[PDB]
Structure formats: C-alpha cells, structure tokens
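[1] this one's structure only:
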C-alpha cells in the first residue's frame, strides 16, 4: 500500500498541484496509524489536538530491517505549497535517504546533507515558501537516535536525558546550511514536535 | 603559567589529597579570567552568583591555534574528591584530548570516548564519588561546537538555535557510556551550565 501510495502520488501530482482540496484530503489520509511496528520498534503517533485539517504532519518508515527515519513538516507556513511539499516528501524522502546510505560505506546518515537535498528538491518542484522541518533517524541495534530541526521546536525525553530544541531557520531559503544535530543513544524515547501549525507526539520502544 | 600550574598540580598532589582547605583554595585561584582570547576567540566567563567557595568550576584552553576545549564540573557532589577531580582535570584534561586527536587522522573529537577515559582516570586516581561533568569542543575555522553532558544542565543559544539539555547520569559509576551529543555550527554562542552546586555563563565570539 505504501508502494501503491507512491504510484498515486506520482500519477496524480499535476492534478493535486491544481486542486488544493484534493491534495489536503489525501495528506490527511496518509497520516501514520496510532501505533505500528517498524524495524522491530513500536512506534506511536498522535496529534495532541483532534483536528481535521493538516497542520503538523509526520511520516515514518523503515530504511532496512534494522533502522528507520521520519520527517515532520509544518504545512501551514506555505499553505498549499506546504501541503504539496508534505506529499512530495511522503513520496521521496525515504528513497532519498536510502540512496545516500547506499553511497556511505558504513551507512552513517548525514541528515544535514539530506536537508540540503530536500531544499533543492523543493526548488526543482517549483514549491516556493518556508517549510519548518524536523528529520530523525533511529537504528534499532545500535540504539542511536539522530535529530535535526530546521525551523521546528521539539522536546526529546529518554528517561536519563531530556532535550528541548527550537530552531528558527525553516527550509525554503536559498543558501542556508542546516547543521544542528542531536545524537542520543537510547532504547526508548518520547518526542514532541511543534510549530505554529500544531503539535504532535511520537514515541518509540523495542518491540 | 598554565605550564607552571601543571607542575604545582603534579608536585603538590599528595599534599592536596590530605589538605582539603589547600586544594579548595588552589581550585578557586585557577578559575578562568572574566575575558580572554583563546584560539582567535573571545571567551567570557562568570559565575552567576558571587561566591568564595567552589561549586561549579570551569576550565577552557586551546588544543591548537584553531580549536579549543572546555570542561565544567560540579565539585559539590563528591565534596573533597570533587575538588580533587577538578584539580586533576585542570592538569590532564587538555592533554588527554590532544592525545586522542593525535590518533585521529582528521582530528575529529570524540568527547564521549574522552568521558569514558576520564571515568577510568578518576578510578585510577582513587577518587570515588559522583561527578556531574559537561565537556565542549569548538573549532574557530570550521565553526563547529560539540557539547556532551554527563549529569549537568545546560542552555545553548546561537541566535538562530536554542537548546536546553539536562542529563541525569554523572560520572563516577562503573559501566555508563556517555553518548548524548549536541553538534551545532555557529560563529558565536552563549552557554549557561548549572547543577546543584551552582550556575555559570560561558560565551564565545570571533576575536
């Protein structure tokens, strides 16, 4: 179905660019389930206010049997272009990170470099605006969590460790390098992400 | 004088182990100046309450012409052993990090590995207790700041980015790996560190 969702995102893209209602409706239908198992990890997601319109959106998916990645985007800053950016990320984000790891001999993710690539992708898709974005990577065996924020606020709790991040440089500008990085080793974590568009909660545990 | 201070720390160590008043008096005299230039960086330090007794102590020094490192230790958790640990770190911390970089082909610091080494050093110096410690690295040309906390709270402000960290695992236990890491690229930053023992402020700018 994720494979099938990728085909509808590719085939219907032009129709979604010209129909904001349809694009927003599909974006709401593509939200993660409340709980799932990804790469031997329990993953729980919920918006902290029950709403019908997309504000802060999230996607999370496996990169291999043993690691996963996620992105979180505030679509309200760029309006329709923000919704389209979320749909574009849903189609290509995981594949872009998988390609970068395929060129890294030890599969050590460079989320800052990925954000630079996403910035270029948004330009080449003709999606101007500002896109507050948070990207994360987790490996179930190494127990390593990596977080990079570009314009979003976030709290990370691992029990022994607590971090609050508030980055003010969203994606969408020409020459910003996004190099803040939080790396944390943990077996479980709870993360809350928020911006103007809303606030969500994402938690992870071993299966 | 820093070279000369290293010789008195080595020669008088045994006398300081047996005289807590002398050890604490020397520790207070070894605090950083209010402002200095280290590795082409302005460095400003102040305790946020004017006090005579050591609580949260800091040292910062160059690793080369272009980078520097610092540590911050709450000496009140282990009492006299905490004061001694600070004196031991003042003597050896910079040299230990310089040796680690000499074995890394690109001089990429591993502050988590350094903390593991410091934990072993405290054991071999026969200094039991708990030692809340924060270590930092900054490179003036790459503009990269790295922070790792083991039991201390800290806020980092770079203008575009703000981070609050509160780690609960101080040094002194047997088998803790210390792997939280904040990496941030910035030209200037202001950092406030605190624990039970007190609170200090450290800021950096280009010279």
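    Structure's in. What do you need? Numbers count the residues shown, from 1 in each chain, chains lettered A, B, ... in the order given.
[2] For residue A:138, give me the backbone phi and psi.
    Dihedral pair for residue A:138: phi -140, psi 140, per degrees, to the nearest 10.
[3] count of residues packed around it?
    Using other Cβ atoms under 10 Å in any protein chain shown, the number of residues around residue A:138 comes to 26. (Each C-beta comes from the backbone N, C-alpha and C, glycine too.)
[4] My guess is it contacts residue A:41. True?
    Yes. Counting by Cβ atoms under 8 Å, residue A:41 is a contact partner of residue A:138 at 7.1 Å.
[5] joint contacts of the two?
    A:68, A:204 (Cβ atoms under 8 Å, 6 or more residues apart in numbering or on different chains).
[6] middle-most residue in chain A, spatially?
    With distances taken as Cα atoms, centre = their mean, residue A:71 lies nearest the centre of chain A, 0.7 Å away.
[7] what about that one, distance to chain B?
    Relative to chain B, residue A:71 is positioned 19 Å away (Cβ to the nearest Cβ, to the nearest Å).
[8] Same question for residue A:104.
    16 Å.
[9] Could you find the closest non-adjacent residue to that residue?
    residue A:110 (7.5 Å; Cβ to Cβ, 6 or more residues apart in numbering or on different chains).
[10] Which phi and psi values does that neighbour adopt?
    Dihedral angles for residue A:110 - degrees, to the nearest 10 - are phi -120, psi 80.
[11] Next, count neighbours for it.
    17.
[12] quick one: it and residue A:99 touch, right?
    No. Applying Cβ under 8 Å, one finds residue A:110 not in contact with residue A:99, separated by 12.0 Å.
[13] Point out the residues in chain A that sit beside chain B.
    Contacts of chain A with chain B, taken as Cβ under 8 Å from any Cβ of the partner chain, map to A:144, A:160-169, A:177, A:179-185.
[14] Keep only those of the residues you listed that are in strands.
    Taking DSSP state E as the definition of strands, the residues of chain A next to chain B contribute A:144, A:161-167, A:181-185.
[15] from those residues, which single one is nearest residue A:77?
    Using Cβ to Cβ, residue A:167 is the member of those that sits closest to residue A:77, with 13.4 Å.
[16] Backbone torsions only: list them for the residue of chain A most remote from its centre.
    Computed with Cα atoms, centre = their mean, the maximum C-alpha offset from the centroid of chain A is found at residue A:160, amounting to 25.0 Å. When read as degrees, to the nearest 10, the backbone of residue A:160 gives phi -80, psi -20.
[17] Quick one: residues contacting it.
    A:186, B:167-169.
[18] looking at the residues you listed, which has the most residues close by?
    For those, neighbours were counted using other Cβ under 10 Å, and residue B:167 has the most, 24 neighbours in all.
[19] That residue against residue B:147, yeah?
    No. Counting by Cβ under 8 Å, residue B:167 does not reach residue B:147; the two are 10.3 Å apart.
[20] Could I get the full set of helices for chain A?
    A:2-11, A:13-18, A:20-29, A:80-103, A:111-124 (DSSP state H).
[21] which of the ones you listed is buried the deepest?
    helix A:80-103 (a mean of 20; mean count of other Cβ atoms under 10 Å in any protein chain shown).
[22] counting contacts, what elements does it pack onto?
    With contacts taken as 3 or more Cβ pairs under 8 Å, 6 or more residues apart in numbering or on different chains; DSSP states H and E, helix A:80-103 sits against helix A:2-11, helix A:13-18, helix A:20-29, strand A:56-62, strand A:67-74, helix A:111-124.
[23] can I get the ones you listed in CSV with distance to residue B:192?
    Output for the helices and strands packed on helix A:80-103, formatted as CSV (distance: least, Cβ to Cβ, whole Å):
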stretch, distance to residue B:192
helix A:2-11, 45
helix A:13-18, 47
helix A:20-29, 40
strand A:56-62, 29
strand A:67-74, 28
helix A:111-124, 26
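[24] circling back to that earlier point, partner residues bridging the residue nearest to the centre of chain A?
    residue A:59, residue A:135 (DSSP bridges).
[25] Would you check that it makes contact with residue A:133?
    Yes. In terms of Cβ under 8 Å, residue A:71 counts as a neighbour of residue A:133; the distance is 6.3 Å.
[26] For residue A:166, give me its contacts.
    A:149, A:153-154, B:161-163.
[27] Nearest to residue A:60 among these?
    Closest approach between the contacts of residue A:166 and residue A:60, by Cβ to Cβ: residue A:154, at 14.5 Å.
[28] With residue A:64 as the reference, measure out to the closest one.
    25 Å (Cβ to Cβ, to the nearest Å).
[29] now swap in residue A:188 and tell me
    Counting by Cβ to Cβ, the gap from residue A:188 to residue A:64 is 20 Å.
[30] related to what we said a few turns ago, dump the contacts of residue A:160 to JSON lines, plus distance to residue B:87.
    Putting these into JSON lines (distance: Cβ to Cβ, whole Å) gives the following:
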{"residue": "A:186", "distance to residue B:87": "33"}
{"residue": "B:167", "distance to residue B:87": "23"}
{"residue": "B:168", "distance to residue B:87": "25"}
{"residue": "B:169", "distance to residue B:87": "23"}
